[PDB]
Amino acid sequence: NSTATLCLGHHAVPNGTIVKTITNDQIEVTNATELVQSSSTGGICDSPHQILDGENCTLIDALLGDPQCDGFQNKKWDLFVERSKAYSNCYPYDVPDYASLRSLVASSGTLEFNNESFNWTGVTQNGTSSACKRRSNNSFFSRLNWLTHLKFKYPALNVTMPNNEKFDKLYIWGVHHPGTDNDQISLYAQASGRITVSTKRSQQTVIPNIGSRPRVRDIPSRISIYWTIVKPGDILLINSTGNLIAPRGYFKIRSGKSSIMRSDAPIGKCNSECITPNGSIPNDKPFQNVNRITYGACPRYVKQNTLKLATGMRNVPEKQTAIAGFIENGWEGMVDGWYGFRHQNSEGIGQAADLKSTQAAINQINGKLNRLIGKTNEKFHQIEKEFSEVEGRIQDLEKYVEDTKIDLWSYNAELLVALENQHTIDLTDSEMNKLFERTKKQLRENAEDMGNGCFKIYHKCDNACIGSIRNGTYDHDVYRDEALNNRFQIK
């Protein structure tokens, strides 16, 4: 009746989701996406990383050449997977600083071994044992050479092996600790004497220690395992009078991205960049709470089991019912846009979405998704994060380093999502406010703000007229005389 109403509004949905911002612990938005990966398939995918399943073998057992590990000879890996069921089935041994040798071989990523012709003149080679059977026969570690007396003599060994290669050589060797004095004489024909293995730059002396240890596979003796790395132009010197478990050659030692993981997860024929002990996980999300132990391009481990990123505006119920605008009121009936117009005029009541404002909001939200989704970074060999034995100081430090790191990342994740969500609420509120202001400015003196997100337009404004406002081509001068007469009359 000589006027029209034009309301600005935004959509609302019946099934909103709660997120956290800086302003609110809980605010309902139209939509959100999860940023913490909390599940795994349960299998380790065999692609795209080269996986070596240790099965019954530890890495160190595959290194030394336990008979059940013969199939591992010379293999390489990106990730060596050690199973909890693994067990040793050869001569009982220990490795002082086992963890370091495991780590350096793991990180090298290869079991490539080159045989060398050592001069073992004057002794018997290839000693074997019933504790280490190969094909039903008494045998020994494939890569080691148990030397013993020859005709009750064991002449002093003083043997040399130059490295004339352009790469480093890793030598694995050992010392036999016999159970009794009888065994020492039976084996080496004399009282026990130290072993010295040296290079130009380093030396290691080891003393065999005769004595009973608890029997393992009926063996009260032990072998202790040692290693030496020899640089190009340097030379290995082995100097011994008995009890030497000699190397048969050297391992290549490489540098690269290889590592080792303890897991019982089955290996599957599938493709996934991120491996955890629980299985591979998708790496679309920036964070994960599956496992602190990871390999490959992985989300960062956090303590939270959920962090929701807002991907829509505040969700506001529609007040019950004349048309009304956005002030404390969303429009559940607007489904083809995020923002729009409702009008009442001589021709009826209508709605239309505003594409520009809708797309501006969507684009910005898609931008922040692009920065956070699918952007994980790769890590490879790290530190151990679970321990089967009590050790004290070094382990305390490894644990504290990891705890420190996780708490700092968890804090960053918490803040980032709160900040981002606050920004999303702000940018979507801003698009609504900007649409209102643009409309107010078009209308000039021809309308008044009713306080509810609507304008009272003080002239006849048919569908085409409303359309012109929505399209930004309304000419206020055309209607100003009519509007001013209607506004500034005296009733």
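For every residue, the number given is its place in the sequence shown, counted from 1.
**Student:** What number of residues from the deposited sequence go unmodelled in the gap from residue 321 to residue 322, classed as none, 1 to 3, 4 to 9, or 10 or more?
**Tutor:** Gap size class: 4 to 9 residues without coordinates, per the record.
**Student:** Given the B-factors recorded for C-alpha atoms, which segment has the greater mean, 167-175 or 273-281?
**Tutor:** Averaging CA B-factors over each stretch, the winner is 167-175.
**Student:** Quick check on the record: does 348-356 or 396-404 carry the larger mean Cα temperature factor?
**Tutor:** Going by the record's values, the stretch with the higher mean is 348-356.
**Student:** Looking at 316, 131, 95, 261, which has the highest Cα B-factor in the entry?
**Tutor:** By C-alpha B-factor in the record, 131 ranks first.
**Student:** Between 362, 383, 216, 111, which carries the biggest CA temperature factor in the record?
**Tutor:** That would be 216.
**Student:** What third of its chain's C-alpha B-factors does residue 467 belong to: lowest, middle or highest?
**Tutor:** Ranked within chain, residue 467 CA B lands in the middle tercile.
**Student:** Can you tell me whether residue 80 has a C-alpha B-factor in the lowest, middle or highest third compared with the other modelled residues of the same chain?
**Tutor:** Lowest third - that is where residue 80 ends up once the chain's C-alpha B-factors are sorted.
**Student:** Taking the C-alpha B-factors as the PDB entry records them, is residue 200 in the lowest, middle or highest third of its chain?
**Tutor:** It falls in the top third of the chain.
**Student:** What third of its chain's C-alpha B-factors does residue 152 belong to: lowest, middle or highest?
**Tutor:** Top third by C-alpha B-factor.
**Student:** Could you look up the Cα B-factor of residue 117 in the entry and say which third of the chain it sits in: lowest, middle or highest?
**Tutor:** It falls in the top third of the chain.
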